[PDB]
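Engineer: This structure is in structure tokens; I'll ask about it shortly.
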Amino acid sequence: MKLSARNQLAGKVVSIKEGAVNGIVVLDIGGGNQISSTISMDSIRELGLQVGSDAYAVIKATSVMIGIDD
Amino acid sequence: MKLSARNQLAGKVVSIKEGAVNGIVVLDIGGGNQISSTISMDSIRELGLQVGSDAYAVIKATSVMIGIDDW
Amino acid sequence: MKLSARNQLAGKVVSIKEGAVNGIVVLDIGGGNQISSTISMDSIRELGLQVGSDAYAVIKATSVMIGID
Amino acid sequence: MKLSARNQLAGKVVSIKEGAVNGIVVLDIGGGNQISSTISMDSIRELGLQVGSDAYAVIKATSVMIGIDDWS
Amino acid sequence: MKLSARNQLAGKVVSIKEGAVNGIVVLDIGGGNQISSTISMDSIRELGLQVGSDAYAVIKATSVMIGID
Amino acid sequence: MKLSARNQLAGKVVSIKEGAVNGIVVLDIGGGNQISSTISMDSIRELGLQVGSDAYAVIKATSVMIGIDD
């Protein structure tokens with residue numbers, strides 16, 4: 001599928017923290033940036049995610065806030 | 001001032017497209033990646049955002065999905 | 001791409017409301033159900049969406065609430 | 001309450017996966033479609049949800065993305 | 001309808017900014033707090049919102065972040 | 001940091017429900033109103049949140065729906 005989400009950032013899985021219904025996936029997207037994703041354990045298994053998997057952090061633009069230094 | 005959001009990615013504003021009540025801010029976060037943010041025009045004005053401003057893309061972890069090529 | 005979003009519902013575009021930076025796409029997903037999506041105009045253009053296009057409504061499970069009567 | 005969310009899809013609960021603080025409710029909304037909802041266990045209990053319960057999948061329009069096929 | 005959303009805060013509409021497909025509604029929920037909501041123009045009209053309307057700010061718990069000084 | 005999120009409501013933590021990867025923090029914002037927040041356990045630990053802590057409920061405007069009596 002091709003998605004409307006304005007943010008689709010390629011990266012490598014560096015860690016997966018497993019929970020009961022959700023887990024947290026951390027993706028190294030390069031340049032010293034990492035993105036954490038809280039998704040269903042079901043999806044983590046269905047996408048075959050492991051440490052080292054190539055993947056994408058997918059973020060709808062309406063979910064992104066802008067911050068600045070004080 | 002300090003936020004629970006797991007994702008707070010520093011970058012520079014490269015573009016601002018103004019809309020009626022919302023605008024879209026694009027941030028260069030380095031490593032060849034850009035992030036687009038759809039936020040209120042009032043916030044764009046209140047934060048003083050301009051092309052070239054230093055800022056952060058702030059994303060709650062529950063807002064991030066994972067995709068794969070799945071070839 | 002294959003996506004983690006639990007909800008990926010096939011449908012046909014029945015209307016597109018064009019706005020300034022966002023638009024609203026309505027999808028007929030069958031069963032008498034329609035889904036409205038508020039997305040960027042840029043994405044509406046890049047995906048080539050028109051009335052009659054085949055598409056999918058994609059929703060992360062953490063975005064779905066449950067209501068009852 | 002009457003809610004602004006553009007998407008309020010009636011369906012029947014087909015499964016509930018209970019966890020420690022959250023659960024996943026799956027709704028059959030007809031037409032061969034199901035919707036999964038990740039919500040708090042407290043909300044699942046307070047709403048009295050059971051398999052077979054009549055309910056609604058409620059989705060704000062700004063939460064919905066559009067996808068197309070890879071060859072499109 | 002009764003909703004799973006953990007946050008349902010009563011208030012009065014103090015401002016409405018109209019846009020193309022969305023508008024922003026400001027609700028004074030008492031105690032000096034106001035909540036701003038960006039929703040479709042269609043919903044603003046369908047709910048009959050005006051300055052002075054009684055309404056509720058409805059927020060899913062997974063949408064709320066915590067900040068500290 | 002200063003954030004674009006239009007909703008930033010001060011309160012005190014009244015309860016924290018712990019899970020494996022997420023927890024639910026309840027904030028008393030006064031006036032008989034409480035706000036529940038489902039966030040990562042890692043964030044709850046990093047922010048030092050306790051029962052009694054002073055904090056803020058932070059909500060993006062696009063995450064807020066409006067309801068009315070019917």
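So the protein lines, in turn, are chains C, D, B, A, E and F.
Per the deposited numbering, the very first residue in the first sequence carries number 1; after that it's consecutive.
Per the deposited numbering, the very first residue in the second sequence carries number 1; after that it's consecutive.
Per the deposited numbering, the very first residue in the third sequence carries number 1; after that it's consecutive.
Per the deposited numbering, the very first residue in the fourth sequence carries number 1; after that it's consecutive.
Per the deposited numbering, the very first residue in the fifth sequence carries number 1; after that it's consecutive.
Per the deposited numbering, the very first residue in the sixth sequence carries number 1; after that it's consecutive.
Even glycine gets a Cβ: it sits at the ideal position worked out from N, Cα and C.
(1) Residues in the region 12-35 of chain E with C-beta within 7 Å of chain D's C-beta atoms, listed in sequence order?
(2) Hey, quick one: how far does the beta strand (DSSP E) through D28 of chain B stretch, first residue to last?
(3) Going by DSSP, name the residue or residues bridged to residue 77 of chain D.
(4) From the DSSP output, in three-state form, read off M65 of chain D for me.
(5) Which of the residues in the region 41-68 of chain C, read from start to end, lie with their CB under 7 Å from any CB of chain F?
(6) Mind checking if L3 of chain B is an interface residue toward chain C, Cβ cutoff 8 Å exclusive?
(7) Measure the alpha-carbon distance for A20 of chain F versus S43 of chain E and round it to whole angstroms.
(8) Write down the C-beta distance between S36 of chain D and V64 of chain C rounded to the nearest angstrom, noting that I regard them as a contact closer than 8 Å.
(9) Between A:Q50, A:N33, A:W71 and A:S53, which lies nearest to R6 of chain B when the distance is taken from Cα to Cα?
(10) Can you tell me whether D42 of chain D is helix, strand or coil according to DSSP?
(11) Which residues share a DSSP beta bridge with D54 of chain A?
(12) Reducing DSSP to helix, strand and coil, say where residue 84 of chain A ends up.
(13) With a Cβ-Cβ cutoff of 8 Å, do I66 of chain B and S4 of chain E count as a contact?
(14) Please confirm whether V21 of chain B has its beta-carbon closer than 8 Å to some beta-carbon of chain I.
(15) DSSP on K2 of chain E, reduced to helix/strand/coil?
(16) Determine the direct distance from the alpha carbon of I39 of chain A to that of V26 of chain F, and round the result to whole angstroms.
(17) Within this structure, are the beta carbons of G11 of chain B and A55 of chain B separated by less than 8 Å?
(18) Helix, strand or coil for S37 of chain A per DSSP?
(19) May I have the straight-line CA-CA distance separating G52 of chain B from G31 of chain E, to the nearest angstrom?
(20) Roughly how many angstroms separate the alpha carbons of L47 of chain D and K2 of chain F, rounded to a whole number?
(21) Under 8 Å Cβ to Cβ from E18 of chain A, same chain only, skipping five residues before and after it: list those, please.
(22) Please confirm whether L49 of chain C and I29 of chain C have their CB atoms less than 8 Å apart.
(23) In or out: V13 of chain F buried (at least 16 other Cβ within 10 Å) or exposed?
(24) Excluding sequence positions up to five away, which residues of its chain have a Cβ less than 8 Å from the Cβ of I16 of chain E?
(25) Expressed to the nearest angstrom, what Euclidean distance is found between the alpha-carbon atoms of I68 of chain B and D70 of chain C?
Structural biologist: Inspection of the coordinates gives the following:
(1) For chain D, the residues of the region 12-35 of chain E that bring a beta carbon within less than 7 Å of one of its beta carbons are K17, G19, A20, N22, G23 and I24, in chain order.
(2) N22 to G30 is the extent of the beta strand (DSSP E) around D28 of chain B.
(3) In the structure displayed, chain D extends from 1 to 71; residue 77 of chain D sits before or after that span and is not available.
(4) DSSP places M65 of chain D in strand when its eight states are reduced to three.
(5) Correct list: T62, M65, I66, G67 and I68.
(6) With a threshold of 8 Å between beta carbons, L3 of chain B makes contact with chain C.
(7) Taking the straight line from one Cα to the other gives about 38 Å.
(8) The distance from the Cβ of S36 of chain D to that of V64 of chain C is about 7 Å, consistent with a contact at the 8 Å cut-off.
(9) The shortest CA-to-CA distance from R6 of chain B to any of A:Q50, A:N33, A:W71 and A:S53 is the one to A:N33.
(10) Correct three-state label for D42 of chain D: helix.
(11) Bridge partners of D54 of chain A: A:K12.
(12) The question about residue 84 of chain A has no answer, for chain A in this structure spans 1 to 72.
(13) Yes; because the gap between Cβ atoms is below 8 Å, this pair is in contact.
(14) In the structure shown, chain I does not exist; the protein chains are C, D, B, A, E and F.
(15) The DSSP-derived three-state label of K2 of chain E is strand.
(16) Those two C-alpha atoms are separated by around 15 Å.
(17) Cβ atoms of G11 of chain B and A55 of chain B: closer than 8 Å.
(18) Three-state result, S37 of chain A: strand.
(19) In this structure, the straight-line span from the alpha carbon of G52 of chain B to that of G31 of chain E is close to 49 Å.
(20) Approximately 8 Å, taken between the alpha carbons.
(21) Same-chain partners within the cutoff: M41 and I44.
(22) No, Cβ-Cβ distance for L49 of chain C and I29 of chain C is not below 8 Å.
(23) Residue environment analysis places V13 of chain F among the buried positions, since at least 16 neighbouring C-beta atoms fall within 10 angstroms of its C-beta.
(24) For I16 of chain E, where only same-chain residues beyond five positions count, the Cβ hits under 8 Å are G23, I24, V25, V26, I44, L49, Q50 and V51.
(25) Rounded to whole angstroms, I68 of chain B to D70 of chain C spans 44 Å at the Cα level.
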